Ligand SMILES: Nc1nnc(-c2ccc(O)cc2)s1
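Quick setup: one chain, the form deposited without this ligand, written in structure tokens, and binding and motion questions come after.
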């Protein structure tokens, strides 16, 4: 994945989020610190929040990331699309986990109720563990895919089954 996509992935709360443009930041609702009253030097009064279940979008009053161009945010992706989940790991390592996307789903995972676009990891027989699959600290990482002439972002990482291949992408 191009370096401009990795540069958008930002350590945030108990996981990650992703800069869509200089003023727009998306993340997984449950990684947001509940006590927080300031983000990137802006008080909550200067920020518009758009939330659908595990999807949260922040719109800032001023350019926070003026080095970036706005890119395309889709509401999920077509059934059968292969995405990469852009996960940052121990020691500046970059782990773009291949995922085939499927249906909109509601599931119970580790006792929590989750809703978004389901997918299956294409990394191994089972993705149990940190070498082939996801860990809790990966939530908020972006789902991206390559088209003929550009890259699209279509959601953020919300949940994964243990001893499985199944993931849930939260979508706008």
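In this text, rigid core is short for the largest set of C-alphas that superpose within 1.5 Å between two forms. Residue numbers count along the first chain shown, from 1. Only residues modelled in both forms are compared.
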Mean C-alpha B-factor comparison - 158 to 166 and 17 to 25, higher one: 158 to 166
Comparing 42 to 50 with 102 to 110, the one whose average Cα B-factor in the PDB entry is higher: 42 to 50
Residue with maximal Cα B-factor (values as given in the PDB entry) among 65, 30, 59, 128: 128
Highest-ranked of 35, 123, 134, 118 once sorted by CA temperature factor in the record: 35
Chain third (lowest, middle, highest) by recorded CA B-factor, residue given as residue 152: middle
Chain third (lowest, middle, highest) by recorded CA B-factor, residue given as residue 96: lowest
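Just so it is clear, the following notes concern the form solved in complex with this ligand, a form of the same protein that is not shown.
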Residue 154 within 4.5 Å of this ligand in the deposited bound form, heavy atoms: no
is_contact(residue 47, this ligand) in the deposited bound form, heavy atom dist at most 4.5 Å: no
This ligand contact in the deposited bound form: residue 59, any heavy atom under 4.5 Å: yes
Residue 70, heavy atom within 4.5 angstroms of this ligand in the deposited bound form: yes
This ligand in the deposited bound form - contacting residues of 146 to 172, heavy atom within 4.5 Å: 172
Consecutive stretches, 3 or more residues long, displaced between the shown form and the other one (C-alpha shift of at least 2 Å once the core is aligned): 89 to 92, 126 to 129
